[PDB]
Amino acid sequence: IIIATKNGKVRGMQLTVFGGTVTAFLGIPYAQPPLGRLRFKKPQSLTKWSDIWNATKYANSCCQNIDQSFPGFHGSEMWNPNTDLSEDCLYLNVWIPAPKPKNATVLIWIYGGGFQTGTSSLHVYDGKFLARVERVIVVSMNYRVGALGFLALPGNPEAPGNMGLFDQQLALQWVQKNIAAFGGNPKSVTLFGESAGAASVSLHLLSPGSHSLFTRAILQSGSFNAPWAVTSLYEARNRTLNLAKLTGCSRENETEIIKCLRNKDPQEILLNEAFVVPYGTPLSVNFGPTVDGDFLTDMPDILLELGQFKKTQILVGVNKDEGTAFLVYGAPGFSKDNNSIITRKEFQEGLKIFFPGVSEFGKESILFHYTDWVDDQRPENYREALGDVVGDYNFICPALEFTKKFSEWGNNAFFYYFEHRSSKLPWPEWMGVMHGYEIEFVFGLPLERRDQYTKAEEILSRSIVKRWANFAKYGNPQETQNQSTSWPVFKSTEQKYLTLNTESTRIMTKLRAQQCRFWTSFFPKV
């Protein structure tokens, strides 16, 4: 019940799951709290302690803007932080099987949230089921988001960029030095994440500093080549100087702007983050990964294209309706509280909201590719198109492109397509299989049958959990026992992928091929 780590001892707690036991260590610090002189800088290593650290409750989340478009609605508040916000937030969690395993595969979760929001303590990232059912070890960590995590004056060590990525990387290193003490195998570590988490995992594949801190990788609705995923160095410093003036910190000694930003209080920084961009989008990443020459040594689109990444197996996939979630956060004529049948002009206006700096011709090109219907008179035509438009451009095509290019260098790749709409969901049915709603299935929440989940959902979850674990332990995401359809490796030619649902598990070919040729070849040029 007490574990001895390189920096000191840590007390955990015991949990009861499915007639068994899991040992949870919630809130182990992995770095010096980034307060004061340290705000905006890379994490600094933690100096040892002599007491017994009590890791029995989730630690503080990093400071972030909550979104308030739906106060009181669980469909949206399930994603908001469920723990005190604070700059002092560099902590991680460990769930290990009981009894203590000997050489367990380790899964390391990295949450998404547009790089502005998110926390490891969310209910739908509870690692206790994966520990219990598959006897792997699960680790999640908090990393700095928003400007306190990704503010960038390039080359300048007071605000270098990618600090949140270096937070992640320092947790990964903590697992390397320490997880053996917990009964884990540091030579068997799978990163997995979703949305910006998945884009984070993809960047860890590119970053030499993490090459040796994990084995394999799983990308859920997210990759670095997605349009939101990397902010330019043009944009980044335009953004940190607009933050400077909004807070009365514009100077000319670039480092003393930073000194000036260090005396502001967190919430002052948070209020102004939203306006350093002129035209914003529900998907807008105001402060993101940057080519800092340290974590990321070159533009990732080039590293991907020329084979400059960790060679290993990747598991990649996306959801059928990645786009809908964002339509109710800005798009006109859209509401979670009606079927949001919009018109041709509302569609048009919804493109100017999601594609704001884009030419009139650009927005006409999108409308032309997405509005030649199998039936001109279905009222929901434009509603479905704009959903598809946002999902294809922001998630599905980048993920497919990443998998093709990665697989072109000889490693096994597996692609999936999650298409199950859960029965419980608090959002209306027109929104479909939404961004982030496979996460609970990966984490085994439908296993605790309880109130929410049909037995069909319990089974799908049980299978996904097995495929994920087999991928982590063995590099091959098969379920070998219950006469399951085999999951083929994705190769650049036939582009086979697997669909996940409660009814038919089917092998299909070339997801969204016609849509994605538009996004990945034609549209980048406008």
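The term rigid core refers to the maximal set of C-alpha atoms that superpose within 1.5 Å between the two forms. Start at 1 and count along the sequence shown; that's the residue number.
Greater average departure of CA atoms from the shown form, over structures and residues in 9 other deposited structures of this protein after a core fit, characterises 276 to 284 among 276 to 284 and 396 to 404. Rigid core superposition in 9 other deposited structures of this protein puts the Cα atoms of one stretch, out of 149 to 157 and 443 to 451, farther from the shown form on average, and that stretch is 443 to 451. Annotation: residue 194 does not belong to the positions left without coordinates in a third of the other compared entries; each one with flanking residues models it.
In at least a third of the other PDB entries of this protein that model the residues around it, residue 375 has no coordinates. In this entry, the higher average B-factor at the C-alpha atoms falls on 37 to 45, of the pair 37 to 45 and 462 to 470. The stretch 254 to 262 shows the higher mean C-alpha B-factor when 254 to 262 is compared against 220 to 228 in the entry.
When the Cα B-factors of 68, 60, 65, 478 are read from the PDB record, 68 comes out highest. Reading the B-factor column for the CA atoms of 198, 138, 249, 433 in the entry, the top value corresponds to 249. Looking at the C-alpha B-factors along this chain, the one for residue 320 belongs to the lowest third. Remark: residue 314 belongs to the lowest third of its chain, ranked by C-alpha B-factor as recorded. The deposited CA B-factor of residue 300 belongs to the middle third of values across its chain. In the deposited entry, the Cα temperature factor of residue 267 sits in the top third of values across the chain's modelled residues. Looking at the C-alpha B-factors along this chain, the one for residue 166 belongs to the lowest third.
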